[PDB]
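> Pasting a structure below so you can have a look.
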Amino acid sequence: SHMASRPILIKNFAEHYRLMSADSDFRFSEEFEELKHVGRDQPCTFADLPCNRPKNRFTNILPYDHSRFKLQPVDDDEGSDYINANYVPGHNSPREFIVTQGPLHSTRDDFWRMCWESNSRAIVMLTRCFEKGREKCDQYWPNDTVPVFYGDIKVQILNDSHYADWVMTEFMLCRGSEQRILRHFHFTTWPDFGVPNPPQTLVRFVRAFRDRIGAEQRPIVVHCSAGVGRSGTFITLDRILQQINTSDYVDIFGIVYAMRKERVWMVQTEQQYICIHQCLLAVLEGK
C-alpha cells in the first residue's frame with residue numbers, strides 16, 4: 001500500500017537504507033516528516049482533568065482516551081482510573097504492549113497496580129533514573145532484597161543479572177494471598193544525548209529480552225522518561241526482528257504510523273527513526 005505503510009523487500013533493505021540516508025538523510029528526514037500529525041487530533045479528555053493533572057510528567061505527553069490503560073476505579077477517588085499509559089500494538093497482538101511514562105514517586109503505586117491489573121509479566125525500562133543531572137524516572141523498585149510494599153503490591157527481588165548495557169531483575173509480586181513473578185529489563189546504557197552508538201547494543205538487548213520473554217500473551221510494560229521516544233524505538237525494533245523470520249518484508253514506517261495512532265509521538269525523533277533502520281541494517285548484514 002502507500003499511505004500508512006511503506007514496506008521494503010528485505011533483499012533490498014541495505015540499498016533502501018543507502019538510498020534513504022543519502023543527501024543528509026534527505027528521503028529519511030522527509031519520510032519521517034509525514035508521521036508528524038498522526039493521531040494528534042484524538043481527544044485526551046481524562047488525562048486532562050484537574051485531578052489527573054499532577055499525574056503527568058509532561059503536559060504535552062498525555063494518553064489518548066481510546067488507547068489509555070485504565071486502572072480499576074476506586075470509589076472515593078475521583079479520577080482514580082487514570083495513569084499515563086496506552087496499549088500499543090506489537091508483533092503478536094494489538095494490545096501487546098502497555099507503554100507508559102517513567103513513574104513519578106507520586107505515581108509508582110499506580111504504576112505497580114497497572115502491572116498487577118494488566119497481568120503484565122515483564123517491564124522494560126529504557127532510561128536511567130538520572131541523566132546529565134535531571135530526574136527521568138523515580139526508583140519504583142527496591143534496591144535491595146528487603147521486600148517493599150507499593151500500595152497493596154509487595155515487590156521483592158528474587159535475583160538480578162547485571163550485564164554490559166542492561167540489568168535483568170526478577171521480582172516476586174504479591175497481592176493478598178496471590179503471587180506472580182515479573183521480569184524487569186533495564187537498559188542502562190543509552191547515551192545522555194543522541195541514540196545508542198553503536199546501535200548494536202540496543203539490538204543485543206532486544207534479542208536478550210525476546211529470547212527471555214518468549215511468545216508472551218499478557219501485556220509487556222514499556223517505559224522511558226516520557227514513554228514516547230525510546231519506548232517507541234524499542235517496541236518497533238522488537239517487532240521487526242521477530243518479523244524478518246516470517247516475511248521477506250519489513251514495514252518500519254507502517255509500524256510507527258500504527259503506534260502514533262495509539263499513543264503520542266511514539267518514535268519521537270528522526271534520529272531514532274533512522275536508528276531503527278541502522279539496527280536492522282546491522283542484523284541483515286551479520287553485525
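Identifiers in the C-alpha cells: chain A, B, ... in order shown; residue index from 1 per chain; ligand index from 1 in order shown.
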Residues of segment 29-120 of chain A that have any atom at most 12 Å from an atom of segment 233-247 of chain A: could you tabulate them with the shortest-distance atom pair and the distance in Å to one decimal, using only C-alpha atoms, ordered by chain and increasing number, as a Markdown table?

```
| residue | atom | partner | partner_atom | distance |
| --- | --- | --- | --- | --- |
| A:87 | CA | A:235 | CA | 11.9 |
| A:88 | CA | A:235 | CA | 8.9 |
| A:89 | CA | A:235 | CA | 8.8 |
| A:90 | CA | A:239 | CA | 6.1 |
| A:91 | CA | A:239 | CA | 4.9 |
| A:92 | CA | A:239 | CA | 8.4 |
| A:93 | CA | A:239 | CA | 10.6 |
| A:94 | CA | A:239 | CA | 11.9 |
| A:96 | CA | A:235 | CA | 9.9 |
| A:97 | CA | A:235 | CA | 8.0 |
| A:98 | CA | A:235 | CA | 10.3 |
| A:99 | CA | A:235 | CA | 9.2 |
```
> How about saving the chosen residues, C-alpha atoms kept, as a tab-separated table (two decimals), in the first residue's frame?

```
chain	number	residue	atom	x	y	z
A	87	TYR	CA	-1.98	-0.17	24.81
A	88	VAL	CA	0.30	-0.02	21.79
A	89	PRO	CA	0.37	-2.77	19.11
A	90	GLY	CA	3.18	-5.30	18.81
A	91	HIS	CA	4.19	-8.12	16.51
A	92	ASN	CA	1.77	-10.62	18.03
A	93	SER	CA	-1.15	-8.60	19.43
A	94	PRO	CA	-2.92	-5.24	19.02
A	96	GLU	CA	0.64	-6.38	23.24
A	97	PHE	CA	2.48	-3.53	24.96
A	98	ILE	CA	1.48	-1.04	27.59
A	99	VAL	CA	3.77	1.94	27.15
```
> So that I can check the surroundings of residue 128 of chain A, please list as a ChimeraX atom specification every protein, DNA and RNA residue that reaches within 10 Å of it, counting only C-alpha atoms and ignoring chain neighbours fewer than 5 positions away.
/A:102,135-139,186-192,224-225
> Now that the selection is made, can you save its residues with N, CA and C atoms as a PDB file, in the first residue's frame?

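Below is the file out32.pdb, written as the result:
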```pdb
ATOM      1  N   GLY A 102       7.786   7.018  32.695  1.00  0.00           N
ATOM      2  CA  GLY A 102       8.510   6.595  33.883  1.00  0.00           C
ATOM      3  C   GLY A 102       7.846   7.169  35.115  1.00  0.00           C
ATOM      4  N   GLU A 135      16.142  14.342  36.751  1.00  0.00           N
ATOM      5  CA  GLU A 135      15.475  13.097  37.126  1.00  0.00           C
ATOM      6  C   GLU A 135      14.486  12.679  36.044  1.00  0.00           C
ATOM      7  N   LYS A 136      14.642  11.459  35.540  1.00  0.00           N
ATOM      8  CA  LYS A 136      13.848  10.970  34.406  1.00  0.00           C
ATOM      9  C   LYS A 136      12.722  10.064  34.842  1.00  0.00           C
ATOM     10  N   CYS A 137      12.973   9.325  35.917  1.00  0.00           N
ATOM     11  CA  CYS A 137      12.065   8.292  36.357  1.00  0.00           C
ATOM     12  C   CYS A 137      12.384   7.941  37.789  1.00  0.00           C
ATOM     13  N   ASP A 138      11.371   7.829  38.644  1.00  0.00           N
ATOM     14  CA  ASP A 138      11.588   7.569  40.062  1.00  0.00           C
ATOM     15  C   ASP A 138      11.886   6.150  40.337  1.00  0.00           C
ATOM     16  N   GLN A 139      12.841   5.852  41.191  1.00  0.00           N
ATOM     17  CA  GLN A 139      13.122   4.472  41.521  1.00  0.00           C
ATOM     18  C   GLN A 139      11.968   3.816  42.228  1.00  0.00           C
ATOM     19  N   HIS A 186      16.103  -3.676  32.303  1.00  0.00           N
ATOM     20  CA  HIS A 186      16.540  -2.292  32.463  1.00  0.00           C
ATOM     21  C   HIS A 186      17.779  -1.962  31.636  1.00  0.00           C
ATOM     22  N   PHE A 187      17.542  -1.406  30.451  1.00  0.00           N
ATOM     23  CA  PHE A 187      18.592  -0.986  29.525  1.00  0.00           C
ATOM     24  C   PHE A 187      19.249   0.287  30.051  1.00  0.00           C
ATOM     25  N   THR A 188      20.489   0.164  30.507  1.00  0.00           N
ATOM     26  CA  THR A 188      21.128   1.220  31.295  1.00  0.00           C
ATOM     27  C   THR A 188      22.277   1.926  30.590  1.00  0.00           C
ATOM     28  N   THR A 189      22.315   1.837  29.269  1.00  0.00           N
ATOM     29  CA  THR A 189      23.464   2.300  28.504  1.00  0.00           C
ATOM     30  C   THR A 189      23.186   3.513  27.615  1.00  0.00           C
ATOM     31  N   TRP A 190      21.910   3.779  27.333  1.00  0.00           N
ATOM     32  CA  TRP A 190      21.512   4.817  26.384  1.00  0.00           C
ATOM     33  C   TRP A 190      22.226   6.130  26.690  1.00  0.00           C
ATOM     34  N   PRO A 191      22.868   6.726  25.670  1.00  0.00           N
ATOM     35  CA  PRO A 191      23.721   7.897  25.829  1.00  0.00           C
ATOM     36  C   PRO A 191      22.952   9.157  26.190  1.00  0.00           C
ATOM     37  N   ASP A 192      23.536   9.947  27.096  1.00  0.00           N
ATOM     38  CA  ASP A 192      22.941  11.176  27.631  1.00  0.00           C
ATOM     39  C   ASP A 192      22.378  12.091  26.554  1.00  0.00           C
ATOM     40  N   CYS A 224      10.153   4.708  29.386  1.00  0.00           N
ATOM     41  CA  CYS A 224      11.360   5.512  29.496  1.00  0.00           C
ATOM     42  C   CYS A 224      11.179   6.722  30.389  1.00  0.00           C
ATOM     43  N   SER A 225      11.340   7.900  29.833  1.00  0.00           N
ATOM     44  CA  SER A 225      11.145   9.113  30.566  1.00  0.00           C
ATOM     45  C   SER A 225       9.753   9.549  30.346  1.00  0.00           C
TER      46      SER A 225
END
```
> Could you go through segment 58-197 of chain A and tell me which residues DSSP, when run on the backbone, assigns to strand (DSSP E or B), listing them as number ranges by chain?
A: 68, 85-88, 97-100, 122-125, 130-131, 134-135, 148-150, 153-162, 166-174, 179-187
> What is the atom CA of residue 126 of chain A-atom CA of residue 209 of chain A distance in Å, reported with one decimal?
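We find that atom CA of residue 126 of chain A and atom CA of residue 209 of chain A lie 12.0 Å from each other.
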> Mind running segment 25-61 of chain A against segment 9-21 of chain A at 9 Å and telling me each contacting residue's nearest atom pair with the distance in Å (one decimal), counting only C-alpha atoms, chain and number ascending, as a tab-separated table?

```
residue	atom	partner	partner_atom	distance
A:25	CA	A:21	CA	4.1
A:26	CA	A:21	CA	6.8
A:27	CA	A:20	CA	5.0
A:28	CA	A:20	CA	5.0
A:29	CA	A:20	CA	8.5
A:31	CA	A:20	CA	8.9
```
> For the selection just defined, write its residues with C-alpha atoms to a file, as a CSV table (one decimal), in the first residue's frame.

```
chain,number,residue,atom,x,y,z
A,25,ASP,CA,19.1,11.7,5.2
A,26,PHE,CA,17.0,13.7,2.6
A,27,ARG,CA,14.5,10.9,2.0
A,28,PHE,CA,14.7,9.6,5.6
A,29,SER,CA,14.1,13.0,7.2
A,31,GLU,CA,9.6,10.1,5.2
```
> Any idea what's packed within 8 Å of residue 232 of chain A, counting only C-alpha atoms, ignoring anything in its chain fewer than 5 positions away? Could you give it as a PyMOL selection string?
chain A and resi 227+256+259+266-268
> Which distance in Å separates atom CA of residue 39 of chain A and atom CA of residue 65 of chain A, to one decimal?
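For atom CA of residue 39 of chain A relative to atom CA of residue 65 of chain A, the distance reads 11.3 Å.
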> Looking only at the backbone, which of the residues in segment 88-187 of chain A does DSSP tag as helix (DSSP H, G or I), as a PyMOL selection string?
chain A and resi 108-118
> Can those selected residues be exported to a file as a PDB file, in the first residue's frame so that it contains N, CA, C and O atoms?

```pdb
ATOM      1  N   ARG A 108       4.157   5.825  41.317  1.00  0.00           N
ATOM      2  CA  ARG A 108       4.687   4.462  41.352  1.00  0.00           C
ATOM      3  C   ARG A 108       3.694   3.431  41.915  1.00  0.00           C
ATOM      4  O   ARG A 108       3.625   2.311  41.407  1.00  0.00           O
ATOM      5  N   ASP A 109       2.924   3.807  42.942  1.00  0.00           N
ATOM      6  CA  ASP A 109       1.784   2.999  43.403  1.00  0.00           C
ATOM      7  C   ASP A 109       0.901   2.632  42.215  1.00  0.00           C
ATOM      8  O   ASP A 109       0.759   1.459  41.885  1.00  0.00           O
ATOM      9  N   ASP A 110       0.334   3.648  41.565  1.00  0.00           N
ATOM     10  CA  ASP A 110      -0.474   3.458  40.359  1.00  0.00           C
ATOM     11  C   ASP A 110       0.231   2.592  39.321  1.00  0.00           C
ATOM     12  O   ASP A 110      -0.380   1.689  38.740  1.00  0.00           O
ATOM     13  N   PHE A 111       1.516   2.859  39.102  1.00  0.00           N
ATOM     14  CA  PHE A 111       2.277   2.102  38.125  1.00  0.00           C
ATOM     15  C   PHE A 111       2.326   0.613  38.448  1.00  0.00           C
ATOM     16  O   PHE A 111       2.264  -0.215  37.536  1.00  0.00           O
ATOM     17  N   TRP A 112       2.462   0.276  39.731  1.00  0.00           N
ATOM     18  CA  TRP A 112       2.515  -1.129  40.142  1.00  0.00           C
ATOM     19  C   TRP A 112       1.166  -1.804  39.998  1.00  0.00           C
ATOM     20  O   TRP A 112       1.079  -2.949  39.554  1.00  0.00           O
ATOM     21  N   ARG A 113       0.123  -1.058  40.351  1.00  0.00           N
ATOM     22  CA  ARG A 113      -1.244  -1.520  40.255  1.00  0.00           C
ATOM     23  C   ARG A 113      -1.560  -1.859  38.814  1.00  0.00           C
ATOM     24  O   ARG A 113      -2.245  -2.842  38.557  1.00  0.00           O
ATOM     25  N   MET A 114      -1.046  -1.057  37.881  1.00  0.00           N
ATOM     26  CA  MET A 114      -1.215  -1.329  36.457  1.00  0.00           C
ATOM     27  C   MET A 114      -0.602  -2.671  36.076  1.00  0.00           C
ATOM     28  O   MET A 114      -1.268  -3.483  35.441  1.00  0.00           O
ATOM     29  N   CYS A 115       0.651  -2.901  36.473  1.00  0.00           N
ATOM     30  CA  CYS A 115       1.332  -4.167  36.207  1.00  0.00           C
ATOM     31  C   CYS A 115       0.505  -5.328  36.724  1.00  0.00           C
ATOM     32  O   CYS A 115       0.353  -6.346  36.042  1.00  0.00           O
ATOM     33  N   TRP A 116      -0.045  -5.170  37.926  1.00  0.00           N
ATOM     34  CA  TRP A 116      -0.834  -6.233  38.531  1.00  0.00           C
ATOM     35  C   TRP A 116      -2.173  -6.399  37.842  1.00  0.00           C
ATOM     36  O   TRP A 116      -2.555  -7.511  37.505  1.00  0.00           O
ATOM     37  N   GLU A 117      -2.885  -5.300  37.643  1.00  0.00           N
ATOM     38  CA  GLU A 117      -4.174  -5.355  36.975  1.00  0.00           C
ATOM     39  C   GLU A 117      -4.042  -5.805  35.521  1.00  0.00           C
ATOM     40  O   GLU A 117      -4.864  -6.586  35.028  1.00  0.00           O
ATOM     41  N   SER A 118      -2.999  -5.331  34.847  1.00  0.00           N
ATOM     42  CA  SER A 118      -2.740  -5.712  33.462  1.00  0.00           C
ATOM     43  C   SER A 118      -2.292  -7.170  33.318  1.00  0.00           C
ATOM     44  O   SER A 118      -2.354  -7.737  32.220  1.00  0.00           O
TER      45      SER A 118
END
```
> Of the candidates A:193, A:163, A:64, A:46, which shows the shortest atom-to-atom distance to residue 263 of chain A, using only C-alpha atoms?
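Closest residue, counting only C-alpha atoms: A:64.
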> Work out how far atom CA of residue 32 of chain A is from atom CA of residue 124 of chain A, in Å to one decimal.
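So the two atoms, atom CA of residue 124 of chain A and atom CA of residue 32 of chain A, lie 25.2 Å apart.
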> Pick out the residues sitting within 6 Å of segment 149-162 of chain A, and hand them over as a short mmCIF file (atom, residue, chain, number, x, y, z; two decimals) with N, CA, C and O atoms, in the first residue's frame; count only C-alpha atoms, and ignore anything fewer than 5 positions along from it in its own chain.

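Output contents, as saved in selection-v6.cif:
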```cif
data_model
loop_
_atom_site.label_atom_id
_atom_site.label_comp_id
_atom_site.auth_asym_id
_atom_site.auth_seq_id
_atom_site.Cartn_x
_atom_site.Cartn_y
_atom_site.Cartn_z
N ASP A 109 2.92 3.81 42.94
CA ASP A 109 1.78 3.00 43.40
C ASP A 109 0.90 2.63 42.22
O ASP A 109 0.76 1.46 41.88
N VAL A 167 20.43 -4.50 33.07
CA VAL A 167 20.31 -5.38 34.24
C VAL A 167 18.95 -6.06 34.27
O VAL A 167 17.92 -5.39 34.37
N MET A 168 18.96 -7.38 34.18
CA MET A 168 17.78 -8.20 34.42
C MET A 168 17.45 -8.20 35.91
O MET A 168 18.35 -8.27 36.73
N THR A 169 16.16 -8.14 36.25
CA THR A 169 15.74 -8.24 37.64
C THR A 169 14.45 -9.03 37.74
O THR A 169 13.48 -8.73 37.04
N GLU A 170 14.44 -10.03 38.62
CA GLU A 170 13.30 -10.90 38.79
C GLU A 170 12.59 -10.52 40.07
O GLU A 170 13.14 -10.70 41.15
N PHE A 171 11.39 -9.98 39.94
CA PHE A 171 10.57 -9.59 41.08
C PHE A 171 9.52 -10.66 41.41
O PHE A 171 8.96 -11.29 40.51
N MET A 172 9.27 -10.86 42.69
CA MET A 172 8.08 -11.56 43.13
C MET A 172 7.07 -10.47 43.38
O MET A 172 7.42 -9.42 43.91
N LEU A 173 5.82 -10.70 42.97
CA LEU A 173 4.74 -9.74 43.17
C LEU A 173 3.61 -10.42 43.91
O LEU A 173 3.11 -11.45 43.47
N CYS A 174 3.21 -9.83 45.03
CA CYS A 174 2.15 -10.39 45.88
C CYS A 174 1.02 -9.40 46.12
O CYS A 174 1.27 -8.27 46.55
N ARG A 175 -0.21 -9.81 45.82
CA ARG A 175 -1.38 -9.06 46.26
C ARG A 175 -2.38 -9.95 47.00
O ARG A 175 -3.12 -10.73 46.38
#
```
> Could you give me, as a short mmCIF file (atom, residue, chain, number, x, y, z; two decimals) with N, CA, C and O atoms, in the first residue's frame, the residues within 12 Å of residue 48 of chain A, counting only C-alpha atoms and dropping anything in the same chain fewer than 3 positions from it?

```cif
data_model
loop_
_atom_site.label_atom_id
_atom_site.label_comp_id
_atom_site.auth_asym_id
_atom_site.auth_seq_id
_atom_site.Cartn_x
_atom_site.Cartn_y
_atom_site.Cartn_z
N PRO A 43 -8.92 13.07 21.04
CA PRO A 43 -9.17 13.63 22.37
C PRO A 43 -8.39 12.97 23.51
O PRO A 43 -8.19 11.75 23.50
N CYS A 44 -7.98 13.79 24.48
CA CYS A 44 -7.29 13.31 25.68
C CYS A 44 -8.02 13.76 26.93
O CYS A 44 -7.39 14.22 27.88
N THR A 45 -9.34 13.61 26.92
CA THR A 45 -10.20 14.19 27.94
C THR A 45 -9.78 13.89 29.37
O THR A 45 -9.61 14.80 30.18
N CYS A 51 -7.86 16.59 38.48
CA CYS A 51 -7.43 15.55 39.42
C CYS A 51 -6.33 14.63 38.89
O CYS A 51 -5.71 13.88 39.64
N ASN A 52 -6.11 14.68 37.58
CA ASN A 52 -5.12 13.85 36.92
C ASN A 52 -3.94 14.67 36.36
O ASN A 52 -2.98 14.11 35.82
N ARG A 53 -4.05 15.99 36.51
CA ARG A 53 -3.04 16.93 36.03
C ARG A 53 -1.66 16.64 36.66
O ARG A 53 -0.66 16.59 35.94
N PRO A 54 -1.61 16.42 38.00
CA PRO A 54 -0.32 16.18 38.64
C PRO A 54 0.31 14.83 38.31
O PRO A 54 1.46 14.60 38.65
N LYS A 55 -0.45 13.96 37.65
CA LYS A 55 -0.01 12.59 37.35
C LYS A 55 0.85 12.52 36.09
O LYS A 55 1.57 11.54 35.87
N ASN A 56 0.77 13.56 35.28
CA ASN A 56 1.50 13.65 34.03
C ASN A 56 2.87 14.28 34.20
O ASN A 56 2.97 15.43 34.61
N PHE A 58 4.89 15.22 31.86
CA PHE A 58 4.95 16.31 30.88
C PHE A 58 3.53 16.69 30.45
O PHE A 58 2.71 15.80 30.23
N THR A 59 3.26 17.99 30.33
CA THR A 59 1.90 18.45 30.00
C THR A 59 1.49 18.15 28.57
O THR A 59 0.29 18.12 28.27
N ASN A 60 2.46 17.93 27.69
CA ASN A 60 2.15 17.64 26.30
C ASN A 60 2.47 16.21 25.86
O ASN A 60 2.69 15.94 24.68
N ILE A 61 2.50 15.31 26.82
CA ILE A 61 2.55 13.87 26.57
C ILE A 61 1.44 13.26 27.40
O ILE A 61 1.62 12.94 28.58
N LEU A 62 0.26 13.14 26.79
CA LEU A 62 -0.92 12.64 27.50
C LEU A 62 -1.57 11.51 26.71
O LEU A 62 -1.64 11.57 25.48
N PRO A 63 -2.06 10.48 27.40
CA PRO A 63 -2.61 9.34 26.66
C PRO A 63 -3.92 9.71 26.00
O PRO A 63 -4.76 10.35 26.63
N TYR A 64 -4.08 9.34 24.73
CA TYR A 64 -5.37 9.49 24.06
C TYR A 64 -6.40 8.63 24.79
O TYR A 64 -6.06 7.58 25.36
N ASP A 65 -7.66 9.07 24.78
CA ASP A 65 -8.71 8.42 25.53
C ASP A 65 -8.98 6.99 25.09
O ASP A 65 -9.25 6.12 25.92
N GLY A 79 -11.41 10.32 39.47
CA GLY A 79 -10.33 10.11 38.50
C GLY A 79 -9.30 9.07 38.92
O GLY A 79 -8.13 9.16 38.53
N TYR A 82 -7.10 6.63 36.37
CA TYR A 82 -6.10 7.19 35.47
C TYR A 82 -4.64 6.80 35.72
O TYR A 82 -4.18 6.70 36.86
N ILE A 83 -3.93 6.60 34.62
CA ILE A 83 -2.47 6.53 34.60
C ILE A 83 -2.03 6.90 33.18
O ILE A 83 -2.75 6.63 32.21
N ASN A 84 -0.87 7.54 33.05
CA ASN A 84 -0.35 7.89 31.75
C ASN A 84 0.16 6.66 31.03
O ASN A 84 1.35 6.37 31.11
#
```
> Using only C-alpha atoms, which of A:5, A:107, A:200, A:119 sits nearest residue 255 of chain A?
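Selected residue with least distance to residue 255 of chain A: A:5.
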> Taking only C-alpha atoms into account, which of A:177, A:269, A:278, A:231 comes nearest residue 101 of chain A?
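Of all the options, A:231 lies closest to residue 101 of chain A.
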